[PDB]
Structures are given as structure tokens and as C-alpha cells.
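Chain naming follows the written order as A, B, C, D and E, and within any one chain the residues start at number 1.
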Amino acid sequence: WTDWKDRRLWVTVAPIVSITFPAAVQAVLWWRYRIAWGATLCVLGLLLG
Amino acid sequence: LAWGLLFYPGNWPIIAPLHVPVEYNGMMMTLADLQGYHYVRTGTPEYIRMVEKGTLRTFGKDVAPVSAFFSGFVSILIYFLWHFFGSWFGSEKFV
Amino acid sequence: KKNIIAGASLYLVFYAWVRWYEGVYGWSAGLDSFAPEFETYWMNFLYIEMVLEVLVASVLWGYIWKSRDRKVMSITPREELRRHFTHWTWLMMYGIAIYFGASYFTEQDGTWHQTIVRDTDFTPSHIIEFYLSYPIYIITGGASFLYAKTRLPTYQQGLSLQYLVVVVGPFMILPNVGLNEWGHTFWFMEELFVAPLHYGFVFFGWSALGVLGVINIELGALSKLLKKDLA
Amino acid sequence: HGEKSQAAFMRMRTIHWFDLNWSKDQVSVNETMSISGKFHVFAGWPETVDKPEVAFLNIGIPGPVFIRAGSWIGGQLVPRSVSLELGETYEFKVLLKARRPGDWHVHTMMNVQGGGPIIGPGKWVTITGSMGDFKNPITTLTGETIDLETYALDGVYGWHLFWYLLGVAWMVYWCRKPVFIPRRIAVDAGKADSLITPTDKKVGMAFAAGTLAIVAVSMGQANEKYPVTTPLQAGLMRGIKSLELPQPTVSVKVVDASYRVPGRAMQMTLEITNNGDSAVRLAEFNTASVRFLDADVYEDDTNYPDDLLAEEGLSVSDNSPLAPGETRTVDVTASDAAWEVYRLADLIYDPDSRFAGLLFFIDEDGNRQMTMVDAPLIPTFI
Amino acid sequence: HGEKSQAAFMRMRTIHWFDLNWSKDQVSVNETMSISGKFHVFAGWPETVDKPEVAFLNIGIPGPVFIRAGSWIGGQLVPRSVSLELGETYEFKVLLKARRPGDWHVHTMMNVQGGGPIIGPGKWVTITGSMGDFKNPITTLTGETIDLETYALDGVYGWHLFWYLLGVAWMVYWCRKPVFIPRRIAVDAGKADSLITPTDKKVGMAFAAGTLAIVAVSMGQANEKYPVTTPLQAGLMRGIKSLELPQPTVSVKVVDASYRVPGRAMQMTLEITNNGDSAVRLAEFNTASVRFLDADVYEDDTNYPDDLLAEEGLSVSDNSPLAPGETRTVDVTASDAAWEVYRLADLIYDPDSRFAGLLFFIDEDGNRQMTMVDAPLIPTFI
């Protein structure tokens, strides 16, 4: 909801919980295949869904 | 730090139009509050809304930046932890 | 060694059928638990789907009957190369199923509460979410796992650990439905997120990251089936 | 709609909605209807339900088929949450604007933080027309009159589509190059520098610079295009007025109450007094939104939802005009199909077999007094 | 001093300090001054500020430049925390003793547990003399009169110095022996017994015994030198008396309030009644410690801090003697540099654009009535 996108809790929570999967997927899509994306892919999937 | 700090700036151009103030039946409300008021969410009463409400230890306008720096600092640790978590998920061990 | 059952993904037509059945037979004909219209279009649905899912899981999981000597690592890049393609067809099916189960219908159920339906004692967007989609993707994941176990040489060495996580891991949200409906009752919280009652099957989406291990494995016996033919 | 699944004792000992009035039952899109009445907070509140320090006057409907054009409690607009006191009576009113055609059950509910939804009686309202005609005009403190239904939409679409296409282009830059297999072999052999060439790293800078640039220009342009922007408002409204109703001189004491299991009937034994100045008579017993009336004394004239209205559901052993002083004891029997239809008989599964209700008395003139009753309900197994 | 950084709406809708009186503004060391007045707890308390079940009457100063010789609320000493009720008025008094020369801004504040500091208006007080002259004599329940400024100091110094010298001696016993390098080589080779010889281990016993001994002798000697010792006292003081002020018969209803952005002026529209028996007039509007007066009706005589005093800041369209009954509506304009100096105009950044204030009326005789006002403040953008 737009009326929940405030200045204190939204800005605090969204990025924190959002950075989880990008970091995890990056831990093998970088040292196994030097894949530059992987956070972009996570975010593209999240946004599409 | 970047992840934490780029969020609100990256979203502001999208939600700014909905922060124009409005006087509705004598009370002042933003267009976003007016939306939340008009379109009934029978399952989401207003009081569950976890948004900034002001305190005696809060300053007049300092929420957005302070919450983006705190979020960046915590994102540091979150990325740290989930790097190792993901390294584990990449394991090829057999049991 | 593909382009056959990969394009035969009937998941869309079937799921396109429920999204229609939902918006046509559960909008008002399923708003009230009542007794007649509900147990006609939604409870019979539930029973039929449970029995069909149990039987389809018991049947489809017969790759142990088609299993045999799987020394395809001694074979050239023809028989074993062909099996990996089948494995990845299974995995694409599993991906579609996981998408529809954990993303589409889960957030659709999220939409449903915010409108009217308080979870009290039930929801008809629950027959479609916890008892149709989750068992479907569970069946698909188990099928893929068993296929790899019974048909690829590199998997004959005892139950890859990460393959178990992109599997039974996502299975642990089904029994997790006990946490919710109990955290929604005597511990309720009318949200999806702050309510730690939902953190149960938040510890299930993580498990859906075991496709980092299956991919590492399937790109270690396959990297040795393509090395010689570089250019 | 889901009130039927809530604990029977909870539905009976929380909030009592009476004097309800629906201004219409057949509306067209863009038309308005109102719901008015009063509700009385029960002093014998349930223990597991937090006291209503924080409550929100809501509307029960399947999504925004109407829009809440306004809502008042005691004459004040209440867009925020409010505070209530146990034992008080409040007058409320809600103004709806029809938005989506169909037939909808419209309930009046009160969300109580730490408690839950407290659903009042519902009414069937029909909306006719086409949703494409709905208009939600609004004038801002700059005015600037806008249409809240579609305002700012193109901006959302444009910005999200732009950022998405930017992110897709990043992946596309690397997608043309064979991925996975050659990259695995490369780092496995020790050629970790697979496709991270200088030209491939300078593309990263452009993207990173073009990104950090667009954000700043966009912030500036937004500040210049919308010079006035307040934060999301919020905050309790403690100051809410109740109703100064005179104390019901007619005092009723429940000696004992029981209900037949199975069966759709309850039986009270009341000791009534008439400290008032005029002869009174028991007119209606209201509990859990069900209205049991005694046809010989009172009949409904507010189009109360029929499935909740028991015209002759109330049966008093002696409803002879109770005159001044003149204490008396009578056996009341409230029976109706709604006792079983609305799962009120499921009080047997409740870990608290008690009840609460609203007694209404009428004089010779036709005035009404409202008395509160409550006591344990004892299942009499047949 | 830091009140200027607190949320504007919080400063306006919490506690209102009035009838303030400072007994002096120029004190010498060892001299006393008092601060008296009343404060009214606002019933429309902020949601995020816990209700004042636990409050402490404090003093705002940069460290102990004064010492709080005493403090009363309603006549009782309040060294502990206290309880307050929303909507009550209390009389308070504080007694200070000058300790350190300089010029200090002395504020009256109320700490609210779960809330924060609620700072009242400050006054500039000057202390003259030399801090070396400060005396804090006290007589104990044994009496035994002591000087709390330096009492028991030699004991603290002696004991801490003794224990420190004991700990230094332990390290010194081992510091003469070459440390680090030879010790590393020793355990690396397998001579773990580097410098732990029997004589080195018997020194450990002496220290351990000499320590465990001194503690016991010292406990005994303390018990014998101070035979009477109570535990640190503490505990809420719920019983706090308020003020039985007659209900202000003059009733004021705010129709609407707005403020110019930018600008240092606010504008209310009041509907006033005079249910009283004598003709009244609007004298002062007090909000967030700022006092807007109407020179034609009332002028300050309490040396109120000038930077918070607007002698002619209040402007009423019609301040003609409002006689009995005789309802009326007027447009009030409270304007002063302090609106911008004390960051009250920053209500625009507050996620709650509302306000609360204190209206004072005066009769022909000169009596004062105190009415409470509160409503939404609407930024009128110029």
C-alpha cells in the first residue's frame, strides 16, 4: 500500500530484508562462473512476480 | 551502505505525487492517506499501519535520512551473513 | 536431445483454469462457508484434489521401477548427455511449479485477506494455495529428484545434500500451514510480515535456494562432457 | 460474513449495534448511501481482547466495492484510530460511494488493536451501472483538482518500466556471451578472468554512473514539479464524544439463564423493577445483532436485515404493563432459527458459557429505555 | 535549550506551563531561588508518548550549577517519580541553591517514562561568587552533621588507590623478568614451565590470601564504623494531588485553524460562549510556552522570558466585552517572531499537523478563566 510507504519503517525494513537473496545467489554466481549479474536477476524476478 | 542509501532516493520520484497535502472534511491528509481512507481494506485497519508517528526523542524532519543510514549499516551485516549462507547453499556434498 | 515434453508444459492451461474458476466460482459463490454453495464448489474441490494428489504422487514416483544400471559416465556424450537434458526438462517443470505455488498463489492469498476474508476457520483461496499448488510443486520436485537419482551416474553416490533442500525443504511449508492458522488463532496478527507466525514458511523460501547446489553439480559432470569439444 | 465463525460469547459480550439505519439498498455507481446508528461498548469486556484504547471504525465489504467517502463518531471525522471507554454509548455514521456493480453484504465493524474485528449486522445492497463510470474527484491545497482513481498512474508506469528496462539491458549485455559451461571450465582451469575484460568493466561504470546520475536529476525534477509535499499523516484521536443517555430507571436482574441443547431457544428469568414514572413493557431483546421482538409490544420499522430479525422471537410469560415501582419476575424465552443459523448455539464449544444482551422497554407514550443484561448461560441437555 | 529541536505538535499537545514565577534572576553562591507555577496535562496526549503513569519533576540545566534543594507537587516533596492523570492541573514548586558562577538558562521539565523530556520555558539566571564557597551541610539520623560536597571522599581515594597499587605490584612482580620473546620460545620448544617456579606460585598464594583477608577485615571494620546503613531507597509516589479549578463556563469551539507557509502567523476561527455571569474578553493564547497577549486586555507582570512573550502578538477581530450567553465567532491571529525562532513553523515536517493551546479570559473585575483549545492546523501555502 502506498499509505504504508513512510519515512521511518519502510526505508528501514525494505532494503534490509531485500538484500538477503541477492547476496546468497551471488556467493556461487561469482566464484564458480564469474557471473556479473545475479543481484539484478534476483531483483528482476522479484519485481516481475 | 549503497543498497541502504539508494532506496528512498530511488523511490521518491514515484511516490512524490501522492504526498501533496489535502484538506478533507476539516482534517489534513496526503493523497496517499486519502487513498488508504477511501479504498476499504476490511482486513487492514488503520491502527496496524506501522509508519512514523513522531516521538519526544524524534527531531522535526530527520526520519528518512537516519532510517536510510541505519538501514545501510544493518545491510552490511545482512550481506555479510547471507554471503556465507549462500556459500553453503552452493555445496556439492553428498550424504 | 530435447524440444518435446519441454513445450508440453500443461501447467499453464491447468493453472489458467483455476485462476478462472477462482474469479468465477469463488468470488461470491465462495464468500460464505455457509453449507450448500460452498461445500459444492469448494469442499468437493478440496477432497478431490487431495485424493488425486496423493494417488498421482504415489504413481508418478515410479522412477525406481524404470531404474537400472546407470553407468552413463562410461558412455559417450550421447546417452548421458541425453539424460541431462531430460533432467533439466524436469527442473524447468519444477521451476514453473515453484513459481506458481510460492509466488502467484501465495501473494494472491495475501491479496484475499486484505480485502474481506478473515482467516477465521477457513478461506477458499486456501484450497487453491495450500492444498493444490504446494502439493503440485512437491510432486514435481520429488519426480525430478528421483529421476536424477535413478538415471544419472553422478547421482549414484548417495543423495546430494542440496538437492534435498530444493526438495523436502520446500515441502516443510505444507506442514508449516499448522504454524499459521495457529499463529492466526490465539496468536493472531492481521498481516503477512511483522507476524512471526509467518516466519515459519519464510524458512522455506530460503530452502528454495538449493538450486544453487543442483546447478553446481549438474555443471561439474557436464563440464567434463563438453571439455574436449571446446570450439 | 465471517462473523458466524467467531466465538459466540465474544460476539455477545463486546459491542452492541442498535438504532441502525441504512439510507438505501439500491445504488448506482457514483451514488452515495449512509449507515448510521449507535453502538454500546460492554463493560464486561472479554479478558483476551485488549481494552479498546485504539479502535478503528471500519466497513466490512469484499474489497473497495464502495469507497468510504467519510465516517463520523459523535460528529467528528475519524480517518485515524480512536479511543473508547468500556460502558459508553457512541453515535456513528458512515458515508459510502458506490463503485462496483453487484450485490454486496455491507457490515459495520470496529477493529480493536490487540483484539480483532468486531462485526456488526450486515445488509444486502445492490450496485447498478458500470465501473467505468466511477469518478473520484479531489481538490488539493493547491487546487489542482484531480481524479484520485487514475492520478499519477502514468508516472508510476513510466518510472517502473524505465528501471526494469535498464536492469534487463544489464543482463542482456552479458547474456549474448556463452554463460555457465565456458565460465565454469575457465575458473576451474584457473582463468578466473573469463569475461571481465576492461571494456566489460567500463560498461559497469557507465551503468553505475548513469544510474547515480538519473537518481539525482530525478530527485531535483520531482522537488521542482511538486514543490509542496507533506509526510504520511497518522496518529490516534483520543478525544471522541459519547452519548449522555439518562440512566434506565427500569432495572433488570438476571436470576438465571439456560439454553436447550439441542434446540434454537434460550430461557432467562428476569427480576424487573419500574423505578420510572410510567408503565413499561419488555419490547425487544438484542444479542449478537439478533433482534428478538414481542409483536404485541413493538414491531420493526427500519428494514432491519430479515435474517437477523425475529418478529415474534421474544416470548414473555407476563408482558402486562409493568407500572411504577412494582417489582416483578418473568420468564423470557428468545427463540429463532438464527440461534442455530448464526452458530450462536455453538456457545457449548466456548470455554466461557456466559452471555450479554440489550433489553428495550416502551412506555404508554412510546419511549424506549435500554437496559444491559448479562450472566452465565447454562446448557440444559435434553 | 534543546526544546527547539522537538516535534512542534508534541511541544503543543503534551504539558502546558502557566502561572510561572521565578523568585530571582541574580543569585550568589549558597543562595536559593524558587520556581513556582502550575502545569496542565493535555487529555489529547500523543500516541507515541506513554501516558504519564511514571513521571519525574526535573530541572533543565547544564549540570549541577544549582542543586535541587527541594521540589513539591501539590505540597508534597517529590524526590521519587510520581503519577499524573490526563487532563488534570497541578501546582508545583522547585527550590534551587546556586552552586557555580555564570549565566544559565533554567528550564522546568517533566521526564515521562516511555515518553521523553517535556521542557517548559526557560529563564536566564546569573550566579555570582566563587564555587569554592559552596557548602552543602546535612545532618543525619545520627547527627553527625556532614558536608555532602566532600564527605567520604578520603575513603574513596584511599581504598581505590590501595587496590590499584596492589594490582600494579602483581604486574611489577612479573615485569622485571624478560616477557614475550623468551616466554614464546620456551613454550614453543616445550618448556611450558617458563617462569612459573614454586617461589613464583607461592607469591600468588600470598596475594590471594592477603586479598581475601583484607576484604573480610574491611567488611568488619565498615560494619563497626557505620553501624546504621539503609538500602538505596526508591519507589513511585502514586498519591499526587491535583487542583479543583471550577469548569471554565466560557466555552470555545475551534471552527478551523490555518497558518501561512512561509510566515510567522497562525489564524483560528473561534466560536465563543459566555455561559458565565460576567462579560469576558480574550486576554492571552498560550501554546508551546509562547504567550500571545492582547495589549488592550492584559499585560504581563511576571517578568516572563521576553523571547517567549508576545505583548501584542494576539489579534482578535472583535474583543468587545463578550457579555453573558451571547455566543460569538471571532478570527484570532497569533503572530510573533518566536513562531519561526522556536521552530514552531516546522509543524510542516511533522506527520501530524494539529495543535493545542491555552485560552485566558478576563472579566470586568479581573478574574481569569482557562480554556483548552485544540484542532488540526492547515498550512495555507502563500
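What we mean here is this: a residue touches a chain if its C-beta (ideal position, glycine included) is under 8 Å from a C-beta of that chain, and two chains touch if they have at least 3 such contacts.
Asks: What is the touch distance from chain B to chain E, in steps?
Replies: Contact-graph shortest path, chain B to chain E, evaluates to 1.
Asks: Show which chains lie in contact with chain A and also with chain D.
Replies: Touching chain A as well as chain D, we find B, C.
Asks: State the pair with the higher C-beta contact count; candidates are A-B and B-C.
Replies: Most C-beta pairs in contact, of the two: A-B.
Asks: Based on mean C-alpha positions, I'd like to know which chain lies farthest from chain E.
Replies: Of all the other chains, the one whose centre lies farthest from chain E is C.
Asks: Give the identifier of the chain nearest to the protein's overall CA centre, each chain being represented by its own CA mean.
Replies: B
Asks: Centroid of chain D to centroid of chain E, CA atoms only: how many Å?
Replies: Taking the mean C-alpha position of each chain, the two centres sit 43 Å apart.
Asks: Could you give the separation in Å between the centres of chain A and chain C, each centre being the mean of its C-alpha atoms?
Replies: 23
Asks: Compute the distance, rounded to whole Å, between the mean C-alpha positions of chain C and chain D.
Replies: Each chain reduced to its C-alpha mean, chain C and chain D end up 36 Å apart.
Asks: Touching at least two other chains at once: which residues of chain D meet that condition?
Replies: Those would be 54, 60-63, 117, 141-142, 160, 180, 184, 228, 230-235.
Asks: By residue number and range, which residues of chain A touch two or more other chains?
Replies: Residue numbers touching two or more other chains: 3-7, 21, 24-25, 27-28, 32-33.
Asks: Quick one: which residues in chain C touch 2 or more of the other chains?
Replies: As it turns out, chain C has residues touching two or more other chains at 115-118, 190, 206, 209, 212, 216, 219-220.
Asks: Which two-chain combinations touch?
Replies: Applying the touch criterion to every chain pair yields A-B, A-C, A-D, B-C, B-D, B-E, C-D, D-E.
Asks: For a test of understanding, state which residues of chain D touch chain E in their complex under the given definition.
Replies: 54, 141-142, 228, 230-236, 238-239
Asks: Per the contact definition, I'd like the list of chain E residues that touch chain D in the complex.
Replies: For chain E paired with chain D, touching residues are 43-47, 86, 348-354, 374, 378-381.
Asks: Give every residue of chain B touching chain A within the complex, in rising order.
Replies: Per the stated touch rule, the residues are 3-4, 7-8, 11, 15, 18, 32-33, 35-36, 41, 44, 49-52, 63-64, 67-68, 70-72, 74-75, 78-79, 82-87, 89-90.
Asks: In the complex of these two chains, what residues of chain A are touching chain C?
Replies: Residue list for chain A touching chain C: 21, 24-25, 27-29, 32-33, 49.
Asks: What does chain B use to touch chain D in their complex?
Replies: 6, 9-10, 12-14, 16-35, 37-40, 42, 45-49, 51-54, 63
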